[PDB]
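# Understanding the architecture of this molecule
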Amino acid sequence: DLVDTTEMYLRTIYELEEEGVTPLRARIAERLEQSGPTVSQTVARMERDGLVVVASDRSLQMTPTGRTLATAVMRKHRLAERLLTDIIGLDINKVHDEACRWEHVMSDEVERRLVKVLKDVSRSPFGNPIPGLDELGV
Amino acid sequence: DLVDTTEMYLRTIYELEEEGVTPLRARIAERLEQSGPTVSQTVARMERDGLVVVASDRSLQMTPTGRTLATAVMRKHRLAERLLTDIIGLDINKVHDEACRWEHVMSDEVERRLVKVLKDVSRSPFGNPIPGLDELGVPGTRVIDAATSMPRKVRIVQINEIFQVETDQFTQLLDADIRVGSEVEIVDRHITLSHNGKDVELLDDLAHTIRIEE
């Protein structure tokens, strides 16, 4: 799905950065288990949508808009993990794969509610901080 | 997404049926907003997938497999609405739309957990009863499928001795106090049922028939 695939690329780029890794199409591919030509295809579309630009040095620089989108996806992704662990009680070993799906289907309104019903929305069960809370309106 | 499409298609046939409406292509198309041709192409696919049959009267008859999937999708859907209203507190005006998306991504594991965590899972906030609960668990899963590379505790639901030819391991299981209800820590390294401190390395036949639920 065009949009969902894009959100996964933006979230992946975000994570790499977060790990201190350089967003390189080959690493994105390797992390996504996808073929180079496929990631190229997708990153091309993404550029045409003004979400990313392959910097002259061939690294992937998220435009301001792409970054805002990548952040909201991660935000949802991480509120989702909190819902799963904190409330639903899902096996911790499944929280991330599930969250990888829900991040595409969760709405802003649900996010705000979760922010209001979860005891803490600072970090995810996995240690990384939950981004964009202020931009969400919570 | 083809998988998600079929699920939305099946859940809709399910809704009309429940509403007492005849599952007609024009009706479904209208409901899904999509056009009649698109629906025929998508119904054709399902028919080849053995999930639906365009009946005599031209209504859509879900095959058992179709209905089984339709029910599961509706279950996830209504379970999602309970999570959304009871726990999350999402505006009731936005619960249905949200649920139409979540039904495609909520795992069976999340469902069993919601069933445990929700106060009442008999009905959806909108009046209709939540289907497929029995087939969700709250029988069991064939040990061979439930067996993962990492151990975990599971409650025996059925051993199925009546179907066994090879009975050499019957006592082995009895000494290991592994019987109905017995929480045996299983794993896949073949499947080894561990309980009462003992371990029972099952054989293909036993592994397929013994069902451990959750």
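Residues numbered from 1 in each chain as written, not as in the entry; some residues may be left out. Chains lettered and ligands numbered in written order. Heavy atoms only, no water. Residues with missing side-chain atoms left out of burial classes, pairs and counts.

## Structural notes on the domain arrangement of chain A
Residue and element names in this part refer to chain A. By the assigned domains, chain A splits into domain 1 (1-73) and domain 2 (74-134). Using only C-alpha atoms to locate each centre, domain 1 and domain 2 end up separated by 22 Å. Taken together, the contacts link 11 residues of domain 1 with 13 residues of domain 2. When the area that domain 1 buries against domain 2 is broken down by residue, the three leading residues are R11, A72 and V73, summing to 44%. Here domain 1 is connected to domain 2 by two salt bridges. (Domains from an automatic or database assignment. Contact = heavy atoms within 4.5 Å. Buried area = accessible area lost by both parts, 1.4 Å probe. Salt bridge = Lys/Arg side-chain N within 4 Å of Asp/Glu carboxyl O.)

## A closer look at the packing of helix α1 (residues 2-19) of chain B against helix α2 (residues 25-32) of chain B
To characterise two packed helices, one gives the angle between the axes of the helices and the distance between these axes. Residues and elements named next belong to chain B. Where α1 contacts α2, the two axes come as close as 10 Å, and the packing angle between them is 110 degrees. Judged on the interaxial angle alone, α2 and α1 are roughly perpendicular. You can see that α1 and α2 cross each other, and the crossing is right-handed. Across the interface between the two elements, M8, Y9, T12, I13, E15, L16 and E19 from α1 touch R27, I28, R31 and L32 from α2. Of the residues belonging to the contact of α1 with α2, the class tally is six nonpolar, one polar and four charged. (Axes fitted to C-alpha atoms, helices over the stretch in contact; angles between N-to-C directions. Helix = DSSP H or I, 4+ residues; strand = E, 2+ residues; numbered from the N terminus. Parallel < 35°, antiparallel > 145°, perpendicular 65-115°, else oblique. Left-handed = near helix turned anticlockwise from the far one by under 90°. Nonpolar A, V, L, I, M, F, W, Y, C, P; charged D, E, K, R; others polar.)

## Remarks on the UniProt feature "domain: HTH dtxR-type" in chain A
As recorded in UniProt, the feature "domain: HTH dtxR-type" lies at residues 2-63 of chain A. The straight-line gap between the two end C-alpha atoms of residues 2-63 of chain A is 18 Å; of that span, 63% is helix and 10% is strand. (UniProt positions renumbered as here; feature names shortened; annotations may be inferred.)

## Let's talk about the pattern of salt bridges
According to the stated counting rule, one finds 26 salt bridges over all chains in the structure shown. A salt bridge links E109(B) to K94(A); the shortest N-O distance between them is 3.7 Å. Note that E109(B) is positioned in helix α6 (residues 108-117) and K94(A) in helix α5 (residues 92-105), a pairing that runs across two chains. Exposure remark for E109(B): the relative accessible area of 29% places this residue in the partly exposed category. Here the salt bridges share partners, and the residues they tie into one network are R11(A), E15(A), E19(A), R31(A) and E103(A). (Buried < 20%, exposed > 50% of the residue type's maximum accessible area, 1.4 Å probe, protein only.)

## Quick word on the UniProt feature "domain: HTH dtxR-type" in chain B
The UniProt feature table records "domain: HTH dtxR-type" at residues 2-63 of chain B. Counting secondary structure, residues 2-63 of chain B comes out at 63% helix and 10% strand; the distance between its end C-alpha atoms is 18 Å.

## Some thoughts on the pairing of strand β6 (residues 192-195) of chain B
Residue and element names in this part refer to chain B. Pairing between β6 and strand β7 (residues 198-201): four bridges, direction antiparallel. Paired with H195 across the two strands is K198, which belongs to β7. Hairpin connection of β6 to β7: two residues between the antiparallel strands, including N196 at a positive phi of 55 degrees. (Pairing = 2+ DSSP bridges.)

## Quick word on the domain arrangement of chain B
Interface size is commonly expressed as the accessible surface area that is lost when the partners come together. Residue and element names in this part refer to chain B. Examined at the domain level, chain B breaks down into domain 1 (1-72), domain 2 (73-138) and domain 3 (139-212). Between domain 1 and domain 2, the C-alpha centre-to-centre distance is 21 Å. Counting residues at the interface gives 11 residues for domain 1, matched by 15 residues for domain 2. Across the interface of domain 1 and domain 2, roughly 1000 Å² is buried in total on both sides, 52% from carbon and sulfur atoms. When the buried area of domain 1 at its contact with domain 2 is split by residue, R11, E18 and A72 rank highest and sum to 49% of it.

## As for the layout of surface pockets
In this structure, the second largest pocket encloses a volume near 520 Å³. For the lining of the second largest pocket, the elements supplying multiple residues, two or more each, are α1 (2-19) and α5 of chain A together with α1 and α5 (95-102) of chain B. Classifying every residue of the lining of the second largest pocket gives six nonpolar, four polar and seven charged. (1 Å grid on protein atoms, 1.4 Å probe; cavity = no way out; pocket = protein on both sides within 12 Å on 5 of 7 lines; lining within 4 Å. Points joined across faces, edges and corners; volume = space filled by probe spheres on them.)

## Observations regarding the nonpolar core
The biggest cluster of nonpolar side chains holds 38 residues, and the ones touching the most others in it are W102(A), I88(B) and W102(B). Sorting the residues of this core by element identifies α4 (64-88), α5, α6 (108-117) and α7 (133-136) of chain A together with α4 (64-88), α5, α6 and α7 (133-136) of chain B as the ones contributing at least two each. Once residues lying within four places of it in the same chain are set aside, the contact partners of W102(A) are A80(A), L83(A), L84(A), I88(A), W102(B), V105(B), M106(B) and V110(B). The next biggest cluster of nonpolar side chains, apart from the first, holds 19 residues, and it includes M8(A), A29(A), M46(A) and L51(A). (Core = buried A, V, L, I, M, F, W, Y, C linked by side-chain atoms within 4.5 Å.)

## Comments concerning the environment of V200(B)
Residues and elements named next belong to chain B. Residue placement: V200 occurs in strand β7. When the C-alpha positions of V200 and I210 are compared, they lie 12 Å apart, and in sequence the two are 10 residues distant. Those residues in contact with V200 that lie beyond four places of it in its chain are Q169, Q172, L173, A176, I178, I191, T192 and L193.

## Quick look at the packing of aromatic side chains
Enumeration according to the criterion identifies one aromatic pair over all chains in this entry. On the numbers, 5.0 Å between centres and 40 degrees between planes, the contact of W102(A) with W102(B) is tilted. Taken as a pair, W102(A) in helix α5 and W102(B) in helix α5 lie in two separate chains rather than in one. (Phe/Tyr/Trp six-rings, centres within 6.5 Å; stacked < 30°, edge-to-face > 60°.)

## Comments concerning the interface of chain B and chain A
Listed by partner, the interface residues are 18 residues for chain B and 18 residues for chain A. Summing the contributions of chain B and of chain A, the shared interface buries around 1600 Å²; its carbon and sulfur component is 72%. Counting the surface chain B buries against chain A, the share from its top three residues, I88(B), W102(B) and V105(B), is 34%. Linking chain B with chain A are nine residue pairs in polar contact. Elements with a minimum of two residues in the side of chain B that touches chain A: α4, α5 and α6 of chain B. Among the elements that take part in the side of chain B that touches chain A, α6(B) stands out by supplying five residues, more than any other. Taken together, the residues of the side of chain B that touches chain A break down into 11 nonpolar, two polar and five charged. (Polar contact = N/O pair within 3.5 Å; in protein donor to acceptor, adjacent residues only side chain to side chain.)

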